[PDB]
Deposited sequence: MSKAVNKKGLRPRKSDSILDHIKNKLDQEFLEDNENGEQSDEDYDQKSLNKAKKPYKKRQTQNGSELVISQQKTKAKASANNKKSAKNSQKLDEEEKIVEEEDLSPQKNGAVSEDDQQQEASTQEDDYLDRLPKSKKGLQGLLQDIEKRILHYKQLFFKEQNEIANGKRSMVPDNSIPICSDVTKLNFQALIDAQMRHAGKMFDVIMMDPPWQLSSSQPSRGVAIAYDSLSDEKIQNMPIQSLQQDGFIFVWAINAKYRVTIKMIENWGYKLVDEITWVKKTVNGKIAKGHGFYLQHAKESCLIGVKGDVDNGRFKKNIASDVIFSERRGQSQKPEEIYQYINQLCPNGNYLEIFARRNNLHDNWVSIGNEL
């Protein structure tokens, strides 16, 4: 029948495209993922954090300067974790002198403040990301008392943090940028971190493949 013939022709076309793509890859076709990025695939509960710490001492000689977290809260995601499991993370060992960037939702603002306190940090700052549209207007949202049009990145700090590698009074606490793919943080957060800590060691937890950047150690199930 005709549909079989059309399917066969489309199969041949996509086969030729497939074969060209793997020929190009075998030739040495580079990827969108930058070099000098250290991706780690694991589960953070089952992760052997001592091995990661020992490797970081062996190569870099000192622990991470900025830690960013976008925890999988029990609000709906499809891969959530309990608040006590996230609290049980050995975050106190991964860092001694530096910043932590935790993206908190409104429902988890208070528990985020509590965990940042328990981990040994002091809440000193907070960056608001105001969502823009393609037209340049404010993107609306949903809430209980008010409409939500922003997201919060609570910023704690512990230990000696002004030691010649962090920069003070750098960039605004507001990011007015367009909404990219779902749950994807704006790209300007990495530029702000670069302004805060130039060419340092950074660790990001619960990472996806779109979060891979130069000099960033990333830990995630899909990454």
Counting from 1 along the deposited sequence, the ranges with no C-alpha atoms are 1-139, 216-225
